[PDB]
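S.K.: here is my input; please provide its structure:
(chains A, B and C, ligands or ions: 2)
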Amino acid sequence: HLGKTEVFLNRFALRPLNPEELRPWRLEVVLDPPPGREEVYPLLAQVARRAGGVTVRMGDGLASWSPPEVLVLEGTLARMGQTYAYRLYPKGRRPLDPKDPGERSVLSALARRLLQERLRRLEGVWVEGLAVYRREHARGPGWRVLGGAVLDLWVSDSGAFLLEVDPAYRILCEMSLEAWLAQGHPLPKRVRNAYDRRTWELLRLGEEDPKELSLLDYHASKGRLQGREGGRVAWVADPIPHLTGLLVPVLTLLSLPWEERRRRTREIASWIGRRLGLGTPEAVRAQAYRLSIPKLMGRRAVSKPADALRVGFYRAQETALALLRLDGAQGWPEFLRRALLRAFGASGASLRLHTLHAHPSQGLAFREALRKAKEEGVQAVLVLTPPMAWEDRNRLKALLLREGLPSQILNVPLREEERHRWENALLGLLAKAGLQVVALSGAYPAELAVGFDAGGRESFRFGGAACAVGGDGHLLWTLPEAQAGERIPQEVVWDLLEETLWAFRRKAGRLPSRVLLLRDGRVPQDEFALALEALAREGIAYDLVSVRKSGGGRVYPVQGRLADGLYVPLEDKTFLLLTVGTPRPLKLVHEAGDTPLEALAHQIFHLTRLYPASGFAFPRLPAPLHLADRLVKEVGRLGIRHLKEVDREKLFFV
DNA sequence: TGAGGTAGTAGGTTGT
RNA sequence: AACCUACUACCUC
Ligand SMILES: [Mg+2]
Ligand SMILES: [Mg+2]
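M.R.: Numbers count the residues shown, from 1 in each chain, chains lettered A, B, ... in the order given. Ligands and ions are numbered 1, 2, ... in the order given. Right below this line is the structure:
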């Protein structure tokens, strides 16, 4: 179903590696005394750096392209606790191969260090590792903004360097937190320090003198207040006092037009190829297949979900809606009422607008009003209220949920002419009611696509999932599960997966024959182990896809305009998805399953249009994943405890 | 809290 | 190192 273009992405192919580069030098170290059970990630990776040149680790040890006699062999360094002192013994040199994948990998980590530690010693340059800043874009009175690009280096599998370039900006202050704060700037965003690498937030400055452990008496007695003296008190978190004498502050606040972005990518590329003796940049061109427009369906074919409000829903049902007005007045604003009635006029079944005549200030009594409403058929409520505060906003959302009443907030100074804004709140509201706004008129390989994301919170996270009961279907979610970190427990994945499988059984009378499994970001090794054995055993087929928002790189046209819904395959098992300042395609990886890439690229992009509450825009990632991101965020944000009596056909979190 | 997004500054989980 | 987030600001319908 595709028509080819040819784009080239922001990579460049530079000179092939030469003999000496195809056979690095190995060296064994001395740990005196030996490290610890975790103290090897900065302590093996602090000696591989202390050596100099292009020294970069080789698993349990180090490697170089530099002769070991120009290595610094005998030195002394430490992480806090054990003060080590390294010494380097050799092991000779052994060849490596590009065609072979196993060697191509270590060479890159050398090539990265080559890049990195050949960038340190350049001239009119500012280097933050892989990042290079080449020009001045703005110089302010103690407010410098250097701006070049971020880089990377690796090998091609034919033995030739590759160089990814992408234009960045950096911001660096010159003054103290007083030599600057007494020049105009208000209270700081974050007080970064030079005494350590440590920082803190910024509350409000203490009115009193730190002269009364000891607040001020310890500084000028710790030899910490010599070179620059403390000025006034500081107040932040992990109340605590700090003498604001020495602290090269970290400051926060234009985005470059797409054309200039490619121009600078190519220019900076040349520069780094020629200055670093790596040759002429021959920008890598990949071919990119144009993907087929999906046919999203309300009552009838429509281009953006918000058109369902004028045309009719894909599956409506006998429904009722409540209204909470927290501002002054009382009425459903006619146009919102007229707006709804016409969308249900367009659709098949009937509507009822109710009105909550209760304020939460009534306390417990206000719940009674809710008890009555739900009872009398109310499904979700639209709330009109002046911009609320996060803490109040959450307490209320969760109150209604505790009565099984999803809430859509519309911020109050509203005018008819404010049209898109209220139009989205309405879709949001119906999504929260249970309505199947739009769906996909299509022939797809996976009849069910589930999204997995994780975590909304602090110390612990929630692993959760959302469904689309596919080839248009119902969107529904599942009760999440509290977990330690980002990795969703192996059994929890399967448990969630099954609950999503069973959902399909209830709507189709049949288990699926193919499911689509989508993770947010990288899949931790083996976190889909179970589900996949589990599926295979039940003889239901599948594909697993890592879906990365970051890392897609850039994609540029050779000439013309890159068009919406473009698909570029890269390496085996991996492809980009430009769904159109400068766009950022999704990096996607087929981790498991036997479906051809184009076909997945197809669903994914098509699954993109499904999301019911975007109205006019389309989210960058597939409706299940987005839902998963949204659900999981919201649960973490206001607790799992409120969800019990909330029907999971109702997307309360949009 | 209308929603989508890119661009700076942070940090953290995975996992070497 | 590869990916998530959180703030900020700006754009778009
Ligand atoms: Mg919403
Ligand atoms: Mg995530």
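S.K.: which parts of chain A sit against RNA strand C?
M.R.: Selection of chain A residues close to RNA strand C by C-beta under 7 Å from any atom of the strand yields A:112, A:129-130, A:152, A:189, A:252-253, A:255, A:420, A:453-456, A:486, A:520-522, A:547-551, A:587, A:616-617, A:629, A:633. Any C-beta I mention is one placed from the backbone N, CA and C, and that applies to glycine too.
S.K.: ok and the residue in the stretch 1-150 of chain A nearest DNA strand B?
M.R.: Going by C-beta to the nearest atom of the strand, DNA strand B is nearest to residue A:41 of the stretch 1-150 of chain A, at 3.6 Å.
S.K.: and for residue A:118, nearest residue in space, chain neighbours not counted?
M.R.: Once flanking residues are discounted, residue A:118 sits nearest to residue A:276: 5.7 Å by C-beta to C-beta, 6 or more residues apart in numbering.
S.K.: enumerate every residue touching that neighbour.
M.R.: A:115, A:118, A:119 (C-beta atoms under 8 Å, 6 or more residues apart in numbering).
S.K.: most neighbours, which of those?
M.R.: residue A:115 (22 neighbours; other C-beta atoms under 10 Å).
S.K.: helix/strand/coil for it?
M.R.: State at residue A:115, reduced to three classes by DSSP: H, G, I helix; E, B strand; the rest coil: helix.
S.K.: what about it, distance to residue A:63?
M.R.: For residue A:115, the distance to residue A:63 equals 15 Å [C-beta to C-beta, to the nearest Å].
S.K.: OK, contacts around the residue sitting nearest the centre point of chain A?
M.R.: Nearest to the centroid of the C-alpha atoms of chain A, with distances taken as C-alpha atoms, centre = their mean, sits residue A:549, at 5.6 Å. Residue A:549 sits next to A:521, A:584, A:586, A:620, A:621 when contact means C-beta under 8 Å, 6+ apart.
S.K.: I'd like to know how many residues surround the first one.
M.R.: Okay, so that is residue A:521. 17.
S.K.: so in terms of bridging, what pairs with it?
M.R.: Counting by DSSP bridges, residue A:521 forms beta bridges with residue A:547.
S.K.: whichever strand or helix holds residue A:262: which residues count as buried?
M.R.: Element membership for residue A:262 (DSSP states H and E) is helix A:258-275. The neighbour-count check on helix A:258-275 (16 or more other C-beta atoms under 10 Å) flags A:258, A:261, A:262, A:264, A:265, A:266, A:267, A:268, A:269, A:271, A:272, A:273 as buried.
S.K.: surely the first one meets residue A:580?
M.R.: No. At 10.9 Å, residue A:258 and residue A:580 do not qualify as touching, with contact defined as C-beta atoms under 8 Å.
S.K.: to what extent is the residue of chain A found nearest ligand 2 buried, counted in neighbours?
M.R.: The nearest approach of chain A to ligand 2 comes at residue A:520, 4.1 Å away (C-beta to the ion). Residues within reach of residue A:520, counting by other C-beta under 10 Å, total 22.
S.K.: identify the residue spatially nearest to it, adjacent ones excluded.
M.R.: Distance criterion C-beta to C-beta, 6+ apart; nearest residue to residue A:520, sequence neighbours excluded, is residue A:453 at 4.0 Å.
S.K.: so the one you found: helix, strand or coil?
M.R.: strand.
S.K.: was I right about it contacting residue A:634?
M.R.: No. Judged on C-beta under 8 Å, residue A:453 makes no contact with residue A:634 at a distance of 11.2 Å.
S.K.: higher neighbour count, the two?
M.R.: For residue A:453 and residue A:634, the more surrounded residue by other C-beta under 10 Å is residue A:453, and the numbers stand at 29 against 22.
S.K.: check contacts around that one.
M.R.: A:463, A:464, A:519, A:520, A:625, A:628, A:629, A:631, A:632 are the contacts of residue A:453 under C-beta under 8 Å, 6+ apart.
S.K.: one more time with 10 Å, if that's ok
M.R.: Under the criterion of C-beta atoms under 10 Å, 6 or more residues apart in numbering, the contact list for residue A:453 reads A:461-466, A:480, A:486, A:488, A:518-521, A:547, A:624-633.
S.K.: list buried residues within the residues you listed.
M.R.: Looks like these have A:461-466, A:480, A:488, A:518-521, A:547, A:624-633 buried, using 16+ other C-beta under 10 Å.
S.K.: same for DNA strand B: which of these are within range?
M.R.: Near DNA strand B, by the rule C-beta under 7 Å from any atom of the strand, you find residue A:626 out of the buried ones among the contacts of residue A:453.
S.K.: which of the buried ones among the contacts of residue A:453 fall within strands?
M.R.: A:461, A:462, A:463, A:464, A:465, A:466, A:518, A:519, A:520, A:547 (DSSP state E).
S.K.: what segments of the stretch 451-600 of chain A are helices?
M.R.: Along the stretch 451-600 of chain A, counting by DSSP state H, counting those that start in this stretch, helices occupy A:490-508, A:529-538, A:597-607.
S.K.: got the angle for the longest one vs helix A:529-538?
M.R.: Think helix A:490-508. Going by axes from the mean of the first three to the mean of the last three C-alpha atoms, to 10 degrees, helix A:490-508 is angled at 40 degrees with respect to helix A:529-538.
S.K.: pull the CA atoms of helix A:490-508 into PDB?
M.R.: Extracted C-alpha coordinates of helix A:490-508, given in PDB (Å, rounded to 0.1, in the frame of the first residue of the first chain):
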ATOM      1  CA  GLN A 490       7.100 -10.400  34.600                       C
ATOM      2  CA  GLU A 491       3.900 -11.800  36.000                       C
ATOM      3  CA  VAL A 492       2.200  -8.500  36.200                       C
ATOM      4  CA  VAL A 493       2.700  -8.000  32.400                       C
ATOM      5  CA  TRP A 494       1.000 -11.300  31.800                       C
ATOM      6  CA  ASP A 495      -1.700 -10.700  34.300                       C
ATOM      7  CA  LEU A 496      -2.500  -7.400  32.700                       C
ATOM      8  CA  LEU A 497      -2.200  -8.900  29.300                       C
ATOM      9  CA  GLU A 498      -4.700 -11.600  30.100                       C
ATOM     10  CA  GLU A 499      -7.200  -9.200  31.500                       C
ATOM     11  CA  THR A 500      -6.900  -7.300  28.200                       C
ATOM     12  CA  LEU A 501      -7.300 -10.600  26.300                       C
ATOM     13  CA  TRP A 502     -10.400 -11.500  28.200                       C
ATOM     14  CA  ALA A 503     -11.900  -8.100  27.400                       C
ATOM     15  CA  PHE A 504     -11.700  -9.100  23.800                       C
ATOM     16  CA  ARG A 505     -13.400 -12.300  24.600                       C
ATOM     17  CA  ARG A 506     -16.400 -10.400  26.100                       C
ATOM     18  CA  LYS A 507     -16.800  -8.200  23.000                       C
ATOM     19  CA  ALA A 508     -16.100 -10.800  20.300                       C
END
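S.K.: return the set of buried residues in that helix.
M.R.: A:492, A:493, A:494, A:495, A:496, A:497, A:499, A:500, A:501, A:503, A:504.
S.K.: from the chain's centre, how far out does it sit?
M.R.: Offset of helix A:490-508 from its chain centre (C-alpha atoms, centre = their mean, to the nearest Å): 26 Å.
S.K.: quick one, what contacts whichever residue of the stretch 451-600 of chain A sits closest to DNA strand B?
M.R.: Proximity of the stretch 451-600 of chain A to DNA strand B (C-beta to the nearest atom of the strand) peaks at residue A:485, 2.7 Å away. The contact partners of residue A:485, by C-beta under 10 Å, 6+ apart, come to A:454, A:455, A:459, A:460, A:461, A:463, A:524.
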